[PDB]
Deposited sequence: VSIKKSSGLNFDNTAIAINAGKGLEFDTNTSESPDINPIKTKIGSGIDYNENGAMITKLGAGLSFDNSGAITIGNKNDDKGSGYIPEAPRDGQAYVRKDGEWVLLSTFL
């Protein structure tokens, strides 16, 4: 058999093998391993698989996906300046004299 070795194939003791380079590996953890190992991507920090085996970015605190699957990002306000003093109650600035 002729193989095109410039297109990712090579011989390993006369058997055609995928010659897997950067970002790829053979999955030695399937039910059929180590005799039958599928090729898979090789991934590290910040990448995962979803349920379909698709690569996704691994998002932590502060980050989310928008509506197109793009990565996106995602202290109390000032009381009124009317000369009057304010205290804090149930998430609101409430006039001091309310309690005096």
Stretches of deposited sequence not represented by any CA atom are 75-83
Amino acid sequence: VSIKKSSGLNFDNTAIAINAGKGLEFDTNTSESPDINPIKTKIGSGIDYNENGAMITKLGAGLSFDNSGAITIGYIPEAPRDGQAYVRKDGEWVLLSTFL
From here on, numbers count along this sequence of modelled residues.
Comparing mean C-alpha B factor in the record for 13-21 and 88-96, the higher one is 88-96
As the entry reports it, the stretch among 38-46 and 52-60 with higher mean C-alpha B factor is 52-60
Residue 65: CA B-factor among chain residues, third -> middle
